[PDB]
Every structure is written in C-alpha cells, then in structure tokens.
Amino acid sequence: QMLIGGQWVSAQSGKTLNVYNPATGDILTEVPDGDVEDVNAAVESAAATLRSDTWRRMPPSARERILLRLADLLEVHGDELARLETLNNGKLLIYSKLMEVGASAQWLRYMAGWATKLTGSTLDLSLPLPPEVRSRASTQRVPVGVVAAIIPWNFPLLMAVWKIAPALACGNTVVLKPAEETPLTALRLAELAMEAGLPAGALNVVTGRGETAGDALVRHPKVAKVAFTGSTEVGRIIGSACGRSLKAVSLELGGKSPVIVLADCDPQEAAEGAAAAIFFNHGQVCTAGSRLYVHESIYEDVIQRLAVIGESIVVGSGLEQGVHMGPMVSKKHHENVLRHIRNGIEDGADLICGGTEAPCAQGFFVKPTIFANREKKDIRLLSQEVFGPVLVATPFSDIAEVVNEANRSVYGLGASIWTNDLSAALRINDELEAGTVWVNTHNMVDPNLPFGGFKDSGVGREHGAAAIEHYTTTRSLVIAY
C-alpha cells in the first residue's frame, strides 16, 4: 500500500503492478499502480504540511532528532531491510547491509547535522539613504517547498536517502517515487520515518509505472523542485517541463567514466583497480569505469591480469555464499546489456573475458565481460552507457592522447588516474572534463563530497555543502530605521 498522509492507502483505481526477484525471476509481490489521482493527493498533502506550523516552525533540533532517530532505526531494522534489498534488487546481502543500510544511516546522520547549521548572512550596503538614517540588511535561508523525488533502481534504499535526507534537513517536505522495478525499501523507509517522529504528510511515497506516475509528479503546479536520476534522455523531458514551469531541477544522468593507467603504475594494482572500478554493483553505477585506458608499455600485462580477475568472479543469488556478483535488476535491462555485448562482438573488439552465455538457469544474470580495443577502432560501445558489467580496454601512447579520448564523450561525470606521478596526475585532472576525478581509486562517495557531472551527465551538485544550497533558497530583508 503506499503512504499518503500517514496513511497506508491503495490506488484509487485499485489497479496494481508486479515487482520481481531478479535471481529467480518471479513475482515477489505487488504494489500500487498509481496515476494522477494519487500523485495529486500526495502532493496536496505535502503542501498541507509544509505550510503547517508544526513543520514550518519546528525548532531546528527537533528536525535533527527525527533524522537521528531514523538512522538509528535503519540500523536497528537492518537485517530486514538488507534481506529486502537483496530480494528486490539482486544485490549481494553484505553490500545491502553495508552500502544500503549502513551508508544510508551515515547520510542521515550527516545531513541531520546540517538541520541546525543553516545560515544566511548579515550585510553592509552602500545605498545610500538620506542622512540620520541607517539600515540593516540580511538574507534568510528558507526551504524550497514540496520536493518531487524520483529514484533509480540500482541502490533503492540509499538513492532515496540521498534525496529525502537532505530535503527533510532543510524543512522541505517530499513526494518520493521509487523505480517500478524496486519499490519495497522506500516503503519501509517511509514507515520508519514516522516511527522516528516525522509528521504525517512530510514524506509521501507514490508508486507506479514511470510513464504516468512520474509525469504527474513533474507537471504538478505545487511541486517546487524536481530531483531526478536515471536515463539521461528522460532527464531532457524533465528539464523542458521544469523550465517552462519555473521550477528548480536536480538531474543526475548518464556516465561513461574513463579510467587511466599511466606507465609507472603497478600492473597488479591497476587491474585490481579497474575490476573494482567496473564490477562493483554489477557495473550498475552511473560512475562505473567502463572505459579502460592503459599505456602501451604495460597494456597487455594489465589486461591479462584483469581477465584472470573477471574470469574468477562467481555469479549467483545475493543470499548465497561464495558469490561475488549478482544479477541485473530487470529483464529489460538484462536484454539491453546483452545487446550491447553483442554489438561489441560484431564491431570487432576482442572478447578476452565474458560473452552472452547464461551463467545461471534462472534470472537476469550476465557474465562479466571485457573487450579489448587494440587497434583503436571506435566501436561505439565506447559511446554507449551499458550499466552492466562490460568493459572496453584501449591503449595509448601519449598523455595528451588519452585526455582527448576521455573527453571525447558526451558525458562527464567521473574519472580515475592511476599513478605516483604528481605532475601528471594533477595536470591530467586539470584537463579532464569530469565532475569528480579520483586518483588511485574510483567510485568513492561521501556525504561530505559534492557530486555531479558536466555536459550530458546532468545539472547540479548533490552532497555536502552543495546539498544545502540546492535544497534551500534565500529571502532578503532590508530595514530602514
């Protein structure tokens, strides 16, 4: 049932839709197939509550304490939420416990401490009013309003914290739509939010097929900001709509993160580096390093080792022991990931590791695949975001060459340099058109580190002290006395 107004409610049509277990591939359950009737209640309920005095004028340590008490309840309820994720998403249970239950609790805490530290400024001003007059001028940080939150399916619990945590800190209320392939952990989130002391209406969860629930949410006259993450294309649709609506928009869209191994870097470290950069969360990560660039000198050395690493990954259920990777989240994405593997074989790249052969009997499983692009043929899997465990590994002679190739992308979100060369590392980072460069790591995210991309990877920044500016605004006040 969904949550709207403190109330577990079904869809007004009494229509419904199936969620699956991606390992076996069967129905796990049902959830409500909501439409524009039920986005509306939910958005009118948050606007009710944003104006309520009990939320608007809630002292600031009380809103810090709600977010504190729920991080305390994600961790107290954390075996159950972790089995839940693994069930719905396919993800390895230990990673559900650590990176979804546990990183989620960490983001709450962090953002909960902002609730109490939200400041404007106190200003000088050369006006200049008549004499015998004086003036005092300030800005006042205030909330943005009702937040439309649309979450992607790769990290359902977390990617929902990543929006609600910072919106609630600010004094915004939210209407949250989880992906249709994964709604269960946000439903639990919402009811633990209320156990922690969050007033009815402050966090509503609407469920449904993306085509319609989504659209209704975006095009609502009482929605003040839209925080989307997903397909970079649908992000354009949201953009257009939000801009003629004059509403604030947060957009985290696609990536084709490159990873760059310089001459002096150790081959065992580089190939262990690359594997972690792209087989983490089955490659289902905006920032996954799907383009590997290794220097001419150690190129083969590196890709040899790397195929040993990927050959030895065991694919299986997320609750089984001995398993390193799990499945894709849906059967449409499984089919899309396999079509890209397949265009890659036809485009003349070298399959060193992987293919399209099903690792299991049931489920949306893909084998971890590596393509070697020796001969620098721009197959265009160098352009395609896959969002699955697929790597293309190309070589390079100069550093100027690799930099150019890294920035021959339409996306620009992340990147890695692997090196103990200060000059180079820092001067590659100088020239990369990437919004979050890592050096001798990849995929590292923190509640205090802002995140966003350049180009076609979105508009805006996500965490840290960037959150606060994007979930707050100011009003000015100038008093002549």
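A residue's number is simply how far along the shown sequence it sits, counting from 1.
*Asks:* For the higher mean C-alpha B factor in the entry, choose 138-146 or 209-217.
*Replies:* Taking the mean B-factor of the alpha carbons in each, 209-217 is higher.
*Asks:* Would 237-245 or 108-116 have the larger average of its C-alpha temperature factors, as given in the entry?
*Replies:* Higher of the two, by average CA B-factor, is 237-245.
*Asks:* Out of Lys332, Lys163, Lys177, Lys97, which shows the largest CA B-factor listed in the entry?
*Replies:* Of the candidates given, the C-alpha B-factor peaks at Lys97.
*Asks:* According to the deposited entry, which of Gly171, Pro389, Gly344, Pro199 has the largest Cα B-factor?
*Replies:* Comparing C-alpha B-factors across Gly171, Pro389, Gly344, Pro199, the maximum falls on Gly344.
*Asks:* Would you please rank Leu292 by its C-alpha temperature factor against the other modelled residues of its chain and give the third it falls in: lowest, middle or highest?
*Replies:* As the PDB entry reports it, the C-alpha B-factor of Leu292 lands in the middle third of its chain.
*Asks:* Can you tell me whether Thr472 has a C-alpha B-factor in the lowest, middle or highest third compared with the other modelled residues of the same chain?
*Replies:* CA B-factor rank for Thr472: lowest third.
*Asks:* So where's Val19 on the chain's Cα temperature factor ranking, which third?
*Replies:* Within its chain, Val19 is a middle-third residue by C-alpha B-factor, going by the deposited values.
*Asks:* When the modelled residues of the chain are sorted by Cα temperature factor, does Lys377 land in the lowest, middle or highest third?
*Replies:* Answer is highest: the recorded C-alpha B-factor places it there.
*Asks:* In terms of the chain's CA B-factor thirds, is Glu37 lowest, middle or highest?
*Replies:* Highest third of the chain for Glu37's C-alpha B-factor.
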